[PDB]
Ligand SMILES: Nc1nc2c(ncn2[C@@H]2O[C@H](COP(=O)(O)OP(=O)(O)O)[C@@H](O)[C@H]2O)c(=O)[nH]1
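Only one chain is included here, represented as structure tokens and corresponding to the form solved without this ligand.
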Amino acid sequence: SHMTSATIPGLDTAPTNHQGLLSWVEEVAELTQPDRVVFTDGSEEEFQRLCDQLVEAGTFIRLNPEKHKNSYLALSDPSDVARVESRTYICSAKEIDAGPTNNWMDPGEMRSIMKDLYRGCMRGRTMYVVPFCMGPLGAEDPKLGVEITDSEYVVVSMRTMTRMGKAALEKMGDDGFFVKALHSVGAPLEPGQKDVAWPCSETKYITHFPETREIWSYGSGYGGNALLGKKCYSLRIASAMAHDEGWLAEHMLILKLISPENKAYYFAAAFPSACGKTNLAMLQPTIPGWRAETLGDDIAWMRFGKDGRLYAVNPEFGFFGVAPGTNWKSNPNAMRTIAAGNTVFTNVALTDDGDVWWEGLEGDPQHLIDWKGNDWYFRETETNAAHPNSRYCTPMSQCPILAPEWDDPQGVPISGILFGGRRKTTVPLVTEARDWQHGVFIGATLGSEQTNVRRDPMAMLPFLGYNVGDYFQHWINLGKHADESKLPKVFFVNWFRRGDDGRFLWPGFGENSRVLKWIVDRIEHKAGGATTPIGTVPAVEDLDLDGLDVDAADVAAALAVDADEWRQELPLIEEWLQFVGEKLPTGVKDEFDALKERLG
């Protein structure tokens, strides 16, 4: 019954222009034994054809097209609802090159395990070969990839999340380099066996081979485990490429801010989860003459331009956002982006009229079908209607505040890099670094609340493709070798400081634009602030609070730098620097010592 690649349907009509790609596909098909092989072109006719099959399989239902055109709901296996960090591996030749923030396994050992798993794993399934490009196609060094997958759901979501299909394939030419990404849901089928809507396995691996730029995923059909352009490529593999090639692959939103003089400023901002990252990416300023547009709300690739400034591009093509908490009152621009349709929703609730709902959304629906397919009742049912990690997957081009520069292969010049977290105490609303190296330290020691303070350096803690210490050195290196005058200024922001009684000292949301105005003014040297031990921090009088009904004392408290509180912060930072291990750069330790000295 086992078939040689050549006789597997689809391989006789495969594109032969790129032999390297073709040989790889043949090798994989020989191993996984799919029923047939399909090379995807990303066209509209293909998209609708795959969606018809997804509806037929029960993987998708078609949502009411009067409310969301060309849109679908998928409900997953309850065992397969999120990225699985404990099953995610960086398989560098040496363990030190994965480092303490990463899960390592010897690559020989990993390949033996996974090749065994892949054997026969696609029986009874179509094997898709999915070409894609990360970033605009017109780039100087376009970062290409091919994902092989046995998941039709994956193909469709990749079409939205990346520039998928024909254009990318042509960009590969006859022998062009591309990232080899391999994926299987790990659920082979017997002839005539009825499938389930969401196949998956109990056994999962999401594995990265940094030297060869390869990604192997098995067992999950969900999000970042399976859509391999998203975290696996754009952050983990890309950070390794960036390390070797002199640029930066970062977990940052890209925001365009326009002042009343009609000048544009671009910011790249890194936050961990639960810090309102998406609300900031789609900010609506609350002060006259200030406007904001987005270029991305997740990943940013930054590369020095010929003028010596840092330029950012969004390598992605779609949004893959957490649905619960998204609503009209707090993020109408996200709602409007979704309202335009062409969206795949996963694990949200279904309204009686074929619309969608999730916790946080307006409407107080009286009855819903929940993410498990069960009846749900308002102010009664004690379980969430939508899964807390449920998602919308929607084209970026539908965003009403999308910046026109979003598809420019040259990217946009970054004036400021922001780092942020949630801190009840200690860390002020906004701080500016003293210089680049201090900036690196501020990013490297980014703390955010946990059940107590978690360190999430540059918000890359679960996404680094190599040793965290070498990563810090890489940041130091790029700044050291640059024109200092053209480097982005670095800021840390804490929207979430609290009074002793638990009040929020800063109202946040749209009012965050007032802090961004200060940042712009600092960049233009039009604003002051206090020199504190931790950097430049504005006083209340440095901020535009006009029109804002807020207690000035609360804002003052939000901005306070208390030496005693910061002395308490020191040993937390120290233990983190120790955890970073033998590769911790002296330049980062230097900044710790300078801080400790300034505090006295």
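Numbering starts at 1 and follows the sequence shown.
Absent from the display: the form solved in complex with this ligand. The rest refers to it.
Q: So the ligand isn't in this model. With this ligand brought over in the entry with it bound through superposition of the site C-alphas, is the pocket blocked (at least 3 atoms within 2.4 Å of backbone or C-beta) or open?
A: Blocked, going by where this ligand lands after superposition on the site C-alphas.
Q: Spot the stretch among 73-81, 116-124, 352-360, 489-497 with residues whose non-hydrogen atoms come within 4.5 Å of this ligand in the entry with it bound.
A: After filtering at 4.5 Å, what remains is 489-497.
Q: Give a yes/no on whether residue 457 approaches this ligand to within 4.5 Å in the entry with it bound, heavy atoms considered.
A: Outside the cut-off, so no.
Q: Spell out, yes or no, whether the shortest heavy atom distance between residue 131 and this ligand in the entry with it bound is within 4.5 Å.
A: Flag for residue 131 set to no.
Q: Do residue 328 and this ligand share at least one heavy atom pair within 4.5 Å in the entry with it bound?
A: No, no contact at 4.5 Å.
Q: Do residue 395 and this ligand share at least one heavy atom pair within 4.5 Å in the entry with it bound?
A: Residue 395 lies outside the contact set for this ligand.
Q: From the list 201, 426, 445, 512, which entry has a heavy atom within 4.5 Å of this ligand in the entry with it bound?
A: After the contact test, the surviving option is 512.
Q: With this ligand left out of view, choose which of 173, 409, 508, 332 has a non-hydrogen atom within 4.5 angstroms of it in the entry with it bound.
A: Contact with this ligand in the entry with it bound is made by 508 alone.
Q: So which bits of 407-426 sit within 4.5 Å of this ligand in the entry with it bound, heavy atoms only?
A: Counting only heavy atoms within 4.5 Å of this ligand in the entry with it bound, the single contacting residue of 407-426 is 422.
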